[PDB]
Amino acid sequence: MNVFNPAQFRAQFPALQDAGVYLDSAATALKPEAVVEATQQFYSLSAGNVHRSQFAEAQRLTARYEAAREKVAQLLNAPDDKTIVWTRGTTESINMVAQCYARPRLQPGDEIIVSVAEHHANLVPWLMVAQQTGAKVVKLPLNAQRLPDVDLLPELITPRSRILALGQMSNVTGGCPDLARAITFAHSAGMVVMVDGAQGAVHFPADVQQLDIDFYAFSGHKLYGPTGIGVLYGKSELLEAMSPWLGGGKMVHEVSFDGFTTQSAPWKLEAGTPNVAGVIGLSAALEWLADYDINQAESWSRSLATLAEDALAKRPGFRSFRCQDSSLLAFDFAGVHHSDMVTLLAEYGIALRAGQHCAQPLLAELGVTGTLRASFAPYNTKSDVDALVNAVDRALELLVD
């Protein structure tokens, strides 16, 4: 019953041959032909009511656009498609919550609990709003297993706690904290939870009703989709409670020089001409993605990561930061600088990423200034793992001692 076939999956990506051994999907994902083709067709046709030749193609693009919200809803098991808002990415999505929900509510002394495992996107906006309101950011540290210490949360929560900023999945460790429990604790304290799902949406898409998530954000480009497009999910009560974001066309209902009224959500939060290309392309990605069992596709991705880790572990000086056998593999080698390794691995045909991964506090907590990161997608193979392992050996021989 829907047996996942990695080869079938692979076949859909025209980038793959030229890409070599691509292990940087956690940065940005490759795109299936469905996405590439929808985009070209959108830009190759008129957006008007007149279509002389290619009506069928025009009707297809309209269909894609109008269903786009529903398709995101189906991915998140959201109750209604009006709970979905279009943004330019996870970063904007989170900033919107900070400014439109938090800022008008936070009083001096109030507290925002943020995990050390957070991407800058789910940390800097809280720092900014804290400065603006006189609130304070409080750190939620890692446990022995390198996950945000959710069991410590009751002790960090005080009567002045208001917001919990927490990532579904780290972009460094690939680790997922016990989100269900976290949310129970936050809600008991009357707090609202911002979940960064930029990685989680790709690997373990969150059931927002079951988990009872208040806010959820992700980016289209990590989800095998276009750049410049992202999503904010919110409970309808919360989207109603939010102030308007940007001001302009579409979001307004009536405007005069004496003032203005706005539409309801989600249109309240979507000023100006939307990135129609992004929405259509993301819809193409989702429709396509819906054909595969993500659980099976993720298992495959993880299998490869495990083979990679076990093989590299045989080399001395090796260290992994990987949690819960994830498809993301952060690592390093004693005495070897990560920038050097990345350059040489490139030369051997392996494309991966080094650096801080927009996660400075986490790396400081881990006691390193940077790391290598290999991230496995369902379009990778066992040959890719072998090629990585072999390349590392060659690299180490050039760099060691």
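Heads up: residue numbers just count along the shown sequence, starting at 1.
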(request) Using only the Cα atoms and their B-factors as the entry lists them, report which of 151-159 and 165-173 averages higher. (result) 151-159
(message) Please compare 27-35 with 330-338 and name the stretch with the higher mean C-alpha B-factor in the deposited structure.
(response) 330-338
(request) Going by the CA temperature factor in the entry, name the top one among 251, 130, 198, 311. (result) 311
(message) If I read the C-alpha B-factors straight from the PDB entry, which of 244, 316, 278, 205 is highest?
(response) 316
(request) Place residue 97 in the lowest, middle or highest third of its chain's C-alpha B-factors, as listed in the PDB entry. (result) lowest
(message) By the recorded C-alpha temperature factor, relative to the other modelled residues in its chain, which third is residue 69 in?
(response) lowest
(message) Ranking every modelled residue in this chain by its Cα temperature factor as given in the entry, which third contains residue 141?
(response) highest
(request) Please rank the C-alpha B-factors of the chain's modelled residues and tell me whether residue 181 sits in the lowest, middle or highest third. (result) highest
(message) Using only modelled residues of the chain, where does the Cα B factor of residue 323 rank: lowest third, middle third or highest third?
(response) highest
